[PDB]
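Peer 1: One structure, pasted below without further comment.
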Amino acid sequence: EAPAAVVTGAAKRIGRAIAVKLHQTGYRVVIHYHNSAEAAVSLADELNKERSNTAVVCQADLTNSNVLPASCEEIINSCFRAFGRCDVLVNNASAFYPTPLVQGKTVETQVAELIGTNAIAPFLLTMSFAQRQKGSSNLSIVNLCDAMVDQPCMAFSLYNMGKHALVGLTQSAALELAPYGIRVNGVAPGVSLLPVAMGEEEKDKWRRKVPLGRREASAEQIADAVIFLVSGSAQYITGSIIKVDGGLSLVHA
Amino acid sequence: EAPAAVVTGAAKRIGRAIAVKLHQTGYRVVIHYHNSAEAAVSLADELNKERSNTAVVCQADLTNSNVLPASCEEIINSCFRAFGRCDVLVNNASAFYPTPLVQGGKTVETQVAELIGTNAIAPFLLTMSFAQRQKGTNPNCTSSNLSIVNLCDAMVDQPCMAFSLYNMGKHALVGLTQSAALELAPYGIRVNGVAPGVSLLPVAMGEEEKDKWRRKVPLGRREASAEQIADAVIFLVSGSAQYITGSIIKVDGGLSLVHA
Amino acid sequence: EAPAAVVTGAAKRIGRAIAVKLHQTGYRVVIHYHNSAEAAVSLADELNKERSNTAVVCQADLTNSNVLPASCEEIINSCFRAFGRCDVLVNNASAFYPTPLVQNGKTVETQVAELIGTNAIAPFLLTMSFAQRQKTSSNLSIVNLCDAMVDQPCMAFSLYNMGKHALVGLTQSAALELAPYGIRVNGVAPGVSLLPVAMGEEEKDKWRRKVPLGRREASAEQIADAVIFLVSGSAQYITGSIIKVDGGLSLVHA
Amino acid sequence: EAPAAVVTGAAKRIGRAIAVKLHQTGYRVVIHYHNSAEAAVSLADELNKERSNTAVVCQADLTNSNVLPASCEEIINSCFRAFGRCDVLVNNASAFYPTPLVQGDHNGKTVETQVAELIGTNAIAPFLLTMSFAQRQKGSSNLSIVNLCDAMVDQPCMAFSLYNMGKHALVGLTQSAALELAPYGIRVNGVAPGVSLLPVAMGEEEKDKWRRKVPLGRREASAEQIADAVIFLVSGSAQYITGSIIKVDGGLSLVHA
Ligand SMILES: NC(=O)c1ccc[n+]([C@@H]2O[C@H](COP(=O)([O-])OP(=O)(O)OC[C@H]3O[C@@H](n4cnc5c(N)ncnc54)[C@H](OP(=O)(O)O)[C@@H]3O)[C@@H](O)[C@H]2O)c1
Ligand SMILES: NC(=O)c1ccc[n+]([C@@H]2O[C@H](COP(=O)([O-])OP(=O)(O)OC[C@H]3O[C@@H](n4cnc5c(N)ncnc54)[C@H](OP(=O)(O)O)[C@@H]3O)[C@@H](O)[C@H]2O)c1
Ligand SMILES: NC(=O)c1ccc[n+]([C@@H]2O[C@H](COP(=O)([O-])OP(=O)(O)OC[C@H]3O[C@@H](n4cnc5c(N)ncnc54)[C@H](OP(=O)(O)O)[C@@H]3O)[C@@H](O)[C@H]2O)c1
Ligand SMILES: NC(=O)c1ccc[n+]([C@@H]2O[C@H](COP(=O)([O-])OP(=O)(O)OC[C@H]3O[C@@H](n4cnc5c(N)ncnc54)[C@H](OP(=O)(O)O)[C@@H]3O)[C@@H](O)[C@H]2O)c1
Ligand SMILES: CN(Cc1cnc2nc(N)nc(N)c2n1)c1ccc(C(=O)N[C@@H](CCC(=O)O)C(=O)O)cc1
Ligand SMILES: CN(Cc1cnc2nc(N)nc(N)c2n1)c1ccc(C(=O)N[C@@H](CCC(=O)O)C(=O)O)cc1
Ligand SMILES: CN(Cc1cnc2nc(N)nc(N)c2n1)c1ccc(C(=O)N[C@@H](CCC(=O)O)C(=O)O)cc1
Ligand SMILES: CN(Cc1cnc2nc(N)nc(N)c2n1)c1ccc(C(=O)N[C@@H](CCC(=O)O)C(=O)O)cc1
Ligand code: NI
Ligand code: NI
């Protein structure tokens with residue numbers, strides 16, 4: 001019988017590429033989304049046309065709040081309701097914008113969004129993932145990290161704190177959930193898909209920097225590393241974070 | 001004119017020892033505390049005994065909440081109020097307890113607020129407020145020695161079982177240390193960390209459990225005293241570390257190097 | 001047409017498993033060996049029985065010496081003479097033994113030659129020679145076998161540890177320098193894998209216990225699995241990456 | 001009694017500033033050099049004019065060879081012979097030049113000479129000096145080793161693989177020796193410059209290119225700023241510190257591509 005996966009922020013871009021590749025591997029998928037309702041059901045439609053009743057949609061804000069644990073518990077619950085199991089969780093959804101230290105949203109909202117999406121939701125989703133299993137199988141969690149986590153971008157401190165917290169969770173959860181046969185790993189893109197709204201010349205500045213090919217990783221290239229980690233080929237791998245960055249983190253100033 | 005320093009969680013233990021050594025080095029200090037009012041003022045009394053009006057006290061919960069940015073601004077303000085300047089910020093205050101991922105007291109969101117608030121968010125807001133006050137300073141046109149020192153954890157990559165939120169908070173602190181170091185370098189504000197392995201064990205910990213942790217330590221088979229942690233802090237704030245920023249010094253007696 | 005791979009120290013254990021999985025994936029293989037002649041040819045015979053003319057054997061000492069560069073050029077040339085190409089280099093051969101700092105009559109300089117040569121310098125020269133011969137339907141890459149415990153070193157293994165650290169450095173330097181040629185350079189870092197046969201089971205179990213995921217060592221095959229991912233089309237953007245295959249061992253404090 | 005230190009490659013630049021600061025702190029010093037004889041003897045003279053009988057010179061090639069262990073043993077011996085003790089070893093001497101992985105147009109040296117020089121000076125010599133240092137220990141004291149590492153070690157410069165391998169191996173040694181020598185109270189630490197003193201031969205525009213990369217001040221570290229971290233690590237304010245490598249790089253290693 002088919003395994004099931006939750007992918008967060010799976011409506012488009014890298015999240016969509018992960019849901020799609022997991023689907024092609026034979027997973028049924030919960031496509032989580034926040035604001036991209038149309039893209040999410042459009043994705044689910046295609047996947048369901050491929051194989052009937054193998055994709056459901058689930059919407060949630062993953063900003064930190066007192067109700068976030070409930071939302072995260074529900075996200076996991078939706079996978080079991082639809083599919084009777086939950087074998088894989090991919091923590092992909094992520095708020096991303098600058099927060100300059102020296103001077104719209106209050107700083108506490110930015111805290112809740114940036115740290116919530118990048119670290120607290122992954123933590124809570126991990127708790128619920130594990131709780132639902134215990135209290136053959138190839139259970140694992142993949143966290144979407146950042147290969148530049150130690151060469152941060154200017155004025156992105158909260159985002160960077162969130163990705164760093166995600167490294168800690170990946171390692172803490174790997175260690176703690178190993179007795180249950182739940183493996184916990186990361187995939188760390190460097191420059192992948194640039195923002196839809198980024199000007200082309202700004203995109204080119206980033207591409208130029210990549211030693212391997214002078215270009216960004218495609219969403220499929222990121223998804224490949226994810227499906228390796230969920231596979232039987234990675235049965236012994238846990239607490240490992242795989243850079244998919246084309247050498248970018250190795251390039252000095 | 002003597003420089004001034006803010007030290008969070010400075011009433012006891014490592015924070016206290018940092019405050020004492022900064023004061024002995026010539027700093028005026030803001031002693032921040034949460035619950036330890038008695039210890040905070042008795043420290044201030046002692047420092048003020050040595051040099052009149054060189055130690056002041058400041059109370060604040062550093063748990064994340066919608067009033068944290070305000071609280072942290074006021075902490076930095078208290079240093080300018082008392083001493084007319086703020087040269088050094090030491091982020092030492094820290095909540096610390098287990099938070100198991102699997103279950104068989106506080107809600108998990110209270111734990112998040114406390115653990116990531118004290119260890120990461122408050123340091124970040126204090127860093128903002130510290131830097132905002134140095135906005136109109138050109139490091140070329142001045143002879144100051146501004147820095148922040150973040151109290152980290154040498155075991156961040158070999159974490160203790162069931163301490164995931166604490167660990168996330170310390171990881172975020174490493175991220176802030178590095179991000180702030182880069183972003184504030186144009187202001188001549190250096191941002192560094194000191195990472196104890198096993199230092200002062202909890203007062204409530206059984207003596208046999210204490211000795212288990214002590215035995216792990218290759219250099220001397222003992223915990224670091226609070227003074228030895230403070231030595232590294234004062235090096236990092238000193239003129240002999242003027243080119244150091246984004247560095248996290250381990251003070252762990254080799255502990256992080258020991259395999260399972 | 002079929003790609004070709006060189007695997008150093010390929011007669012036994014992890015190296016043999018890598019050579020086998022590469023061959024199963026469609027690679028022709030050069031099976032390098034040092035002292036394990038019989039094992040090397042029995043492996044070569046087994047793979048050639050599977051598919052004719054897909055396996056050859058190559059003897060070489062990878063200790064550092066004045067002749068080492070020539071040996072390494074010959075190992076690479078060997079793959080080209082046998083198969084007309086060389087798509088993959090796996091640096092697997094490794095000397096491994098204690099060298100205490102404070103006090104088998106091996107001199108320390110022999111220990112240096114053996115431990116640094118096999119783990120670092122031979123990898124570096126094979127990399128030179130590999131790159132030199134390549135100086136686009138191609139997928140060229142190098143995989144170096146590292147050590148997940150490189151920053152939590154075992155007691156009295158300083159030269160070995162220096163060897164492995166130099167290999168990390170080589171992986172990163174070569175990844176950057178060879179990227180313009182489309183040559184990707186990566187690492188697989190076992191923690192506890194195959195234990196020495198002669199080691200007491202009671203000592204083996206001490207190591208096994210340390211491992212969170214399963215309380216067991218990695219099989220050679222599980223290590224080989226990460227190797228074949230790195231060389232595959234599913235890793236075309238991965239260079240300078242070292243993947244731990246350690247079942248969480250490196251995350252366990254003392 | 002005054003303590004004693006050995007500093008390798010101490011005739012000039014960073015190694016000199018370390019020898020000077022250790023001398024100013026009250027150490028007697030062995031000034032090791034390879035080619036810089038005049039600068040070495042000139043330093044010994046300045047130090048001796050300040051406090052008589054507190055500085056000696058010792059010449060040795062630290063290229064890897066079958067005689068390197070003897071040479072390193074000699075270097076350590078020279079400290080016990082002059083000063084009756086050896087409290088501090090500073091591994092500073094370092095060969096530094098590109099070794100491209102791909103050749104095209106044919107340099108000077110053979111690749112095995114380059115191996116012997118680059119990894120001998122940066123790694124093997126430090127290892128043997130560490131062996132001899134710990135072996136010779138006699139029996140209030142503060143024994144330590146400081147290794148000069150490199151902050152850019154995981155963001156290597158183009159075509160410097162052998163140099164980078166040496167420096168990576170030196171990290172390994174720092175950590176391994178920290179663990180292994182801890183039971184004897186010998187601490188082993190590192191100082192990692194990013195951009196400090198630029199090569200004399202380097203053109204001014206190239207020098208300015210490196211300087212402008214540094215976030216903290218847009219300048220290189222002086223030799224004295226590097227020596228400061230060294231002297232902190234050998235000091236009593238660092239007695240619980242072992243296996244730590246402190247970056248002195250003005251934030252350079254934190255700058256993305
Ligand atoms: N793209 C890159 O070059 C790159 C580089 C480094 C690291 N990464 C990591 O790789 C992963 C995917 O990258 P990406 O560029 O594809 O990410 P992205 O497009 O910026 O974001 C992915 C999804 O996250 C969801 N999200 C944002 N805020 C949310 C919130 N408040 N609550 C719930 N969901 C929220 C959004 O869902 P909706 O659209 O439905 O609202 C969004 O589509 C991320 O974790 C990222 O940090 C990517
Ligand atoms: N001790 C060790 O072995 C060790 C190991 C690794 C890292 N560290 C780091 O070194 C630093 C000092 O360690 P330590 O053991 O001295 O710390 P600690 O005793 O556990 O706590 C330090 C102080 O932090 C303050 N604090 C706690 N929760 C707070 C909150 N909600 N709001 C405001 N302040 C709060 C407390 O102040 P009040 O008493 O006034 O309430 C406390 O006295 C910490 O950052 C720690 O993480 C220590
Ligand atoms: N096994 C583990 O638990 C583990 C853990 C961490 C890292 N690793 C790494 O993974 C790789 C494979 O490990 P392993 O246990 O399979 O290795 P191994 O059995 O110790 O050695 C593999 C081969 O290296 C060859 N070799 C040794 N010295 C040589 C020299 N002088 N010149 C040429 N070849 C030489 C030997 O070839 P011959 O038999 O032909 O003489 C040997 O069969 C190694 O690089 C190792 O460091 C393994
Ligand atoms: N920007 C920087 O300068 C920088 C950056 C990162 C790391 N570092 C590290 O910091 C340390 C000091 O840097 P530096 O620039 O002052 O070094 P350097 O001037 O390039 O070299 C220091 C000394 O090493 C000695 N040496 C070279 N080859 C030798 C050999 N074959 N045998 C014995 N001695 C040999 C030379 O001594 P003689 O002159 O007597 O021949 C030289 O004076 C080095 O380890 C370096 O790698 C420096
Ligand atoms: C590598 N990358 C692509 C990119 C796109 N989406 C992402 N989304 C998430 N959640 N996380 C990522 N790290 C991410 N990265 C980058 C890198 C820098 C900037 C950047 O400098 N952003 C500025 C300026 C962008 C602009 O000029 O358009 C900003 O204010 O957002 C954006 C994307
Ligand atoms: C190294 N150390 C000392 C210690 C003391 N106070 C601190 N305080 C803070 N804020 N941060 C630290 N990391 C810290 N560390 C440790 C290490 C382990 C445990 C620990 O396993 N504690 C268990 C129980 C241990 C027990 O008391 O028996 C707990 O539930 O708190 C406590 C302190
Ligand atoms: C994880 N591992 C397995 C192992 C086997 N072969 C290898 N071979 C190589 N080349 N590299 C390795 N890292 C390696 N590792 C280990 C770990 C420790 C000891 C060990 O403590 N050996 C001591 C003790 C031997 C014993 O007690 O039986 C020795 O003196 O060799 C051996 C193998
Ligand atoms: C940071 N730095 C200064 C410098 C000077 N001496 C040293 N000496 C040693 N032993 N180790 C160092 N790391 C070192 N670094 C650098 C950085 C890059 C180049 C460099 O790109 N060198 C090229 C280009 C020289 C040029 O164009 O002038 C070479 O071929 O040597 C030189 C020095
Ligand atoms: Ni981190
Ligand atoms: Ni290394």
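Labels for the structure tokens follow display order: chains A, B, ..., residues from 1 in each chain, ligands from 1.
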Fewer than 5 positions away in the same chain doesn't count, so skip those; otherwise give me all residues within 12 Å of residue 78 of chain A, counting only C-alpha atoms, as a PyMOL selection string.
Peer 2: chain A and resi 4-7+29-32+55-60+71-73+83-86+128-129+132
Peer 1: What residues of the protein or nucleic acid chains come within 8 Å of ligand 5 when you use only C-alpha atoms and all ligand atoms? Reply as a tab-separated table (two decimals) with C-alpha atoms, in the first residue's frame.
Peer 2:
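Writing the result to pocket-v1.tsv gives the following:
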```
chain	number	residue	atom	x	y	z
A	93	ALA	CA	6.96	26.52	4.02
A	94	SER	CA	8.93	29.60	4.91
A	95	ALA	CA	8.48	33.34	5.50
A	96	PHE	CA	11.40	35.29	3.98
A	97	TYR	CA	12.07	39.04	4.05
A	98	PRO	CA	14.62	41.45	5.59
A	146	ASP	CA	19.77	27.05	3.93
A	153	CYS	CA	22.61	37.91	3.81
A	154	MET	CA	22.62	41.52	4.96
A	189	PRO	CA	19.61	24.98	-1.13
A	190	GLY	CA	22.02	27.85	-1.80
A	191	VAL	CA	20.63	29.81	-4.73
A	192	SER	CA	17.61	28.02	-6.15
A	193	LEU	CA	14.45	29.62	-7.56
A	194	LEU	CA	14.77	33.38	-7.22
A	195	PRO	CA	11.73	35.44	-6.21
A	197	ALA	CA	9.34	39.62	-8.43
A	198	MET	CA	13.17	39.87	-8.44
A	199	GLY	CA	14.54	41.85	-11.40
A	202	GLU	CA	19.54	40.96	-9.58
A	206	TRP	CA	23.20	35.49	-7.76
```
Peer 1: Mind checking which residues fall within 9 Å of residue 164 of chain B, counting only C-alpha atoms, ignoring those fewer than 4 positions away in the same chain, and posting them as a PyMOL selection string?
Peer 2: (chain A and resi 123+168-169+171-173+176) or (chain B and resi 98-101+159-160+168-169)
Peer 1: Which residues are near ligand 10 - at most 9 Å, using only C-alpha atoms and all ligand atoms? Format: as a ChimeraX atom specification.
Peer 2: /C:150-151,162,164-169 /D:153-154,165,167-172
Peer 1: Tell me the residues of chain B close to chain A, meaning within 9 Å using only C-alpha atoms, as a ChimeraX atom specification.
Peer 2: /B:64-69,100-104,108-110,112,120-121,124-125,127-129,131-132,135,156-165,167-176,178-180,182-184
Peer 1: Find the residues near residue 244 of chain D: any atom within 8 Å, counting only C-alpha atoms, skip ones fewer than 6 places away on the same chain, and give them as number ranges by chain.
Peer 2: B: 249-251, 254; D: 175, 188-190
Peer 1: Please, could you write that set of residues out with C-alpha atoms as a PDB file, in the first residue's frame?
Peer 2:
```pdb
ATOM      1  CA  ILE B 249      35.046  31.066  21.720  1.00  0.00           C
ATOM      2  CA  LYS B 250      34.532  27.649  23.336  1.00  0.00           C
ATOM      3  CA  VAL B 251      35.369  27.487  27.029  1.00  0.00           C
ATOM      4  CA  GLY B 254      37.705  19.892  25.244  1.00  0.00           C
TER       5      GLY B 254
ATOM      6  CA  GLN D 175      41.558  18.978  18.085  1.00  0.00           C
ATOM      7  CA  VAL D 188      46.101  23.014  22.449  1.00  0.00           C
ATOM      8  CA  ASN D 189      44.401  25.877  20.634  1.00  0.00           C
ATOM      9  CA  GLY D 190      44.357  27.850  17.386  1.00  0.00           C
TER      10      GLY D 190
END
```
Peer 1: Please return, as a CSV table (one decimal) with N, CA, C and O atoms, in the first residue's frame, all residues of chain B lying within 7 Å of chain D when only C-alpha atoms are considered.
Peer 2:
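The new file result01.csv reads:
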```csv
chain,number,residue,atom,x,y,z
B,178,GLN,N,26.4,35.9,14.2
B,178,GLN,CA,27.0,36.0,12.9
B,178,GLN,C,26.3,37.1,12.1
B,178,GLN,O,27.0,37.9,11.5
B,181,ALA,N,27.1,40.5,13.6
B,181,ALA,CA,28.5,40.8,13.4
B,181,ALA,C,28.7,41.5,12.0
B,181,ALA,O,29.4,42.5,11.9
B,182,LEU,N,28.1,40.9,11.0
B,182,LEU,CA,28.2,41.4,9.6
B,182,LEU,C,27.4,42.8,9.4
B,182,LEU,O,28.0,43.7,8.9
B,185,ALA,N,29.0,45.7,11.7
B,185,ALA,CA,30.4,46.0,11.4
B,185,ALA,C,30.7,47.5,10.9
B,185,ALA,O,31.7,48.0,11.2
B,186,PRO,N,29.8,48.0,10.1
B,186,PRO,CA,30.0,49.4,9.6
B,186,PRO,C,29.9,50.4,10.8
B,186,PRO,O,30.5,51.5,10.7
B,188,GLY,N,31.2,49.8,13.6
B,188,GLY,CA,32.3,49.5,14.5
B,188,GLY,C,31.9,48.7,15.8
B,188,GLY,O,32.6,48.6,16.8
B,218,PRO,N,37.6,16.5,29.5
B,218,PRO,CA,39.0,16.0,29.3
B,218,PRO,C,40.0,16.9,30.1
B,218,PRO,O,40.9,16.3,30.8
B,219,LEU,N,39.8,18.2,30.1
B,219,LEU,CA,40.8,19.1,30.8
B,219,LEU,C,40.4,19.3,32.3
B,219,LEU,O,39.5,20.1,32.6
B,224,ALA,N,33.9,24.4,34.3
B,224,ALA,CA,34.5,25.7,34.4
B,224,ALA,C,33.8,26.5,35.5
B,224,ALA,O,32.6,26.4,35.7
B,228,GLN,N,36.1,31.7,34.9
B,228,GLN,CA,36.8,31.3,33.7
B,228,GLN,C,36.0,31.6,32.4
B,228,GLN,O,36.5,31.9,31.4
B,231,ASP,N,36.4,35.4,32.1
B,231,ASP,CA,37.7,35.7,31.5
B,231,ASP,C,37.6,35.9,29.9
B,231,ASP,O,38.2,36.8,29.4
B,240,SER,N,42.3,44.2,23.2
B,240,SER,CA,43.1,43.1,22.6
B,240,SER,C,42.3,42.2,21.7
B,240,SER,O,42.8,41.2,21.1
B,243,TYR,N,39.9,43.4,16.4
B,243,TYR,CA,39.7,42.9,15.0
B,243,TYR,C,38.8,41.6,15.0
B,243,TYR,O,38.5,41.1,13.9
B,244,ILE,N,38.4,41.1,16.2
B,244,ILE,CA,37.6,40.0,16.3
B,244,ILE,C,36.1,40.3,16.3
B,244,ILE,O,35.6,41.1,17.1
B,245,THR,N,35.4,39.7,15.3
B,245,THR,CA,33.9,39.8,15.3
B,245,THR,C,33.4,38.6,14.6
B,245,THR,O,34.0,38.0,13.7
B,246,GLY,N,32.2,38.2,15.0
B,246,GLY,CA,31.6,36.9,14.5
B,246,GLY,C,32.3,35.6,15.1
B,246,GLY,O,32.1,34.6,14.5
B,247,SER,N,33.1,35.8,16.1
B,247,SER,CA,33.8,34.6,16.7
B,247,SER,C,33.1,34.1,18.0
B,247,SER,O,32.7,34.9,18.9
B,249,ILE,N,34.0,31.8,21.0
B,249,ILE,CA,35.0,31.1,21.7
B,249,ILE,C,34.4,30.0,22.6
B,249,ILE,O,33.6,30.3,23.5
B,250,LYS,N,34.8,28.7,22.4
B,250,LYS,CA,34.5,27.6,23.3
B,250,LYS,C,35.4,27.7,24.6
B,250,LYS,O,36.6,27.9,24.5
B,251,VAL,N,34.7,27.6,25.7
B,251,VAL,CA,35.4,27.5,27.0
B,251,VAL,C,34.8,26.2,27.7
B,251,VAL,O,33.9,26.3,28.5
B,252,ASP,N,35.3,25.1,27.2
B,252,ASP,CA,34.7,23.8,27.4
B,252,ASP,C,35.6,22.7,27.9
B,252,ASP,O,35.2,21.5,28.0
B,253,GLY,N,36.9,23.0,28.1
B,253,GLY,CA,37.9,22.0,28.4
B,253,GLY,C,38.0,20.8,27.5
B,253,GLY,O,38.4,19.7,28.0
B,254,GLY,N,37.7,21.0,26.3
B,254,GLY,CA,37.7,19.9,25.2
B,254,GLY,C,36.4,19.1,25.1
B,254,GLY,O,36.4,18.2,24.2
B,257,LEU,N,34.7,18.0,21.8
B,257,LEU,CA,35.6,17.2,20.9
B,257,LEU,C,35.5,15.7,21.3
B,257,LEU,O,36.0,14.8,20.6
```
Peer 1: So the first atom is atom 44 (C, counted along the ligand's line) of ligand 2 and the second is atom CA of residue 195 of chain B; what is the distance between them in Å, to one decimal place?
Peer 2: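 Atom 44 (C, counted along the ligand's line) of ligand 2 sits 8.9 Å away from atom CA of residue 195 of chain B.
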Peer 1: Would you pick out the contacts of residue 23 of chain C at 12 Å or less, using only C-alpha atoms, so that residues sharing its chain but fewer than 4 positions from it are not included, and give the list as a ChimeraX atom specification?
Peer 2: /C:2-7,16-19,27-31,43-44,46-56,88,224,228
Peer 1: Which residues are near residue 181 of chain A? Cut-off 9 Å, only C-alpha atoms, ignore same chain within fewer than 6 positions. Put them as a list in words.
Peer 2: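 Listed by chain and then number, they are residues 137, 138, 139 and 140 of chain A; 213 and 214 of chain C.
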Peer 1: Dump as a short mmCIF file (atom, residue, chain, number, x, y, z; two decimals) with N, CA and C atoms, in the first residue's frame the residues of chain C that approach chain A to within 6 Å, counting only C-alpha atoms.
Peer 2:
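Saved the output as part17.cif:
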```
data_model
loop_
_atom_site.label_atom_id
_atom_site.label_comp_id
_atom_site.auth_asym_id
_atom_site.auth_seq_id
_atom_site.Cartn_x
_atom_site.Cartn_y
_atom_site.Cartn_z
N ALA C 179 34.82 22.74 -10.75
CA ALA C 179 33.48 23.11 -11.20
C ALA C 179 33.44 23.62 -12.65
N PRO C 212 22.44 5.96 17.65
CA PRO C 212 21.02 6.12 17.93
C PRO C 212 20.12 5.30 16.98
N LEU C 213 20.36 5.40 15.68
CA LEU C 213 19.51 4.72 14.70
C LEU C 213 19.89 3.24 14.60
N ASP C 225 25.38 3.09 -1.04
CA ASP C 225 24.14 3.79 -1.44
C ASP C 225 24.33 5.31 -1.56
N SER C 234 20.75 12.44 -10.22
CA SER C 234 19.94 13.07 -9.18
C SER C 234 20.76 13.98 -8.28
N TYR C 237 23.69 18.88 -9.17
CA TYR C 237 23.92 20.23 -8.66
C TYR C 237 24.71 20.17 -7.34
N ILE C 238 24.97 18.96 -6.87
CA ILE C 238 25.68 18.76 -5.62
C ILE C 238 27.18 18.66 -5.86
N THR C 239 27.90 19.67 -5.40
CA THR C 239 29.35 19.62 -5.33
C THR C 239 29.86 20.30 -4.06
N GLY C 240 30.94 19.74 -3.51
CA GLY C 240 31.53 20.24 -2.29
C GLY C 240 30.74 19.81 -1.06
N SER C 241 29.80 18.90 -1.25
CA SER C 241 28.96 18.41 -0.16
C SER C 241 29.51 17.10 0.39
N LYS C 244 26.98 12.69 5.72
CA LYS C 244 27.21 11.74 6.83
C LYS C 244 26.30 10.56 6.66
N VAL C 245 26.86 9.36 6.82
CA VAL C 245 26.05 8.15 6.88
C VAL C 245 26.41 7.48 8.20
N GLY C 247 24.05 7.26 11.19
CA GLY C 247 22.92 6.87 12.04
C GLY C 247 22.78 7.75 13.27
N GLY C 248 23.23 9.01 13.15
CA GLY C 248 23.15 10.00 14.23
C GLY C 248 24.28 9.95 15.25
#
```
Peer 1: Please identify which residues in segment 22-251 of chain A DSSP calls strand (DSSP E or B) from the backbone, and express them as JSON, numbers by chain.
Peer 2: {"A": [28, 29, 30, 31, 32, 33, 55, 56, 57, 58, 59, 88, 89, 90, 91, 139, 140, 141, 142, 143, 144, 182, 183, 184, 185, 186, 187, 188, 189, 241, 242, 243, 244]}
Peer 1: Atom CA of residue 142 of chain A to atom CA of residue 53 of chain A: how many Å, to one decimal?
Peer 2: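 For atom CA of residue 142 of chain A relative to atom CA of residue 53 of chain A, the distance reads 24.0 Å.
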Peer 1: Could you jot down the atom 8 (N, counted along the ligand's line) of ligand 2 to atom CA of residue 133 of chain B separation for me, Å, one decimal place?
Peer 2: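 These atoms are spaced 27.9 Å apart.
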Peer 1: Please identify the residues whose atoms come within 10 Å of ligand 8, using only C-alpha atoms and all ligand atoms, and report them as a ChimeraX atom specification.
Peer 2: /D:9,13-14,92-99,118,121-122,148-153,156-160,163-164,167,192-207,209-211,220-221,249
Peer 1: Which residues are near ligand 7 - at most 10 Å, using only C-alpha atoms and all ligand atoms? Format: as a ChimeraX atom specification.
Peer 2: /C:9,13-14,92-99,115,118-119,145-150,154-157,160-161,164,189-204,206-208,217-218
